[PDB]
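The chain that follows stands alone, in the form deposited in one PDB entry, written as structure tokens.
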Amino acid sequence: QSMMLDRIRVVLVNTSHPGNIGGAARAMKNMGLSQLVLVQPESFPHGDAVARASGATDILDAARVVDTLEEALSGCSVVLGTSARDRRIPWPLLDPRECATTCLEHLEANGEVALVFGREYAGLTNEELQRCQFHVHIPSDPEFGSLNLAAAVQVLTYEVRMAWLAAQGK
């Protein structure tokens, strides 16, 4: 199919900087994704989000704003949460590529995937992470492993697109 990417929900939890929402929206659009969900964002709507969303204001316009992570994950068949610190057994830890493979398996099965991203400052709570079935870590310099929020979104969606293309022989 090609409407597969529309079944990927990008969930941003309690975003502090509105420019990161715009940046995430742009990263999404560049990769073929459209469904953005915001859980209690600090400031939204906001000019800085629009500013950073060059060519992707439509995503921001269609964004769902909710009060809880539970509400954000409603209807999903699989939830993958991002972690920049590291592993919690028994939850499996995957890299961006493995994340992409799982996403497409679920999409091909006609499921709904959710990709969860945390706060710039604190990330995701343990409680939030536990609502996920898989955890995803972007390999990085251990002394400086925290990527900008929108940049993390870009890496994941990129891998997702790469996996989707390959599944098509592209």
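Definition used throughout: the rigid core is the maximal C-alpha set that superposes within 1.5 Å between two forms. The first residue of the sequence shown is number 1, and the count goes up from there.
The same protein also exists as the form deposited in another entry; that form is not shown, yet it is the one meant from here on.
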Return yes or no for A84: a CA shift of at least 2 Å between this form and the one not shown, with the rigid core superposed?
yes
Cα-Cα shift for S83 and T15, closer or farther in the other form, minimum 3 Å:
closer
Output row for the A100-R87 CA distance, |change| of 3 angstroms or more in the other form, reads farther
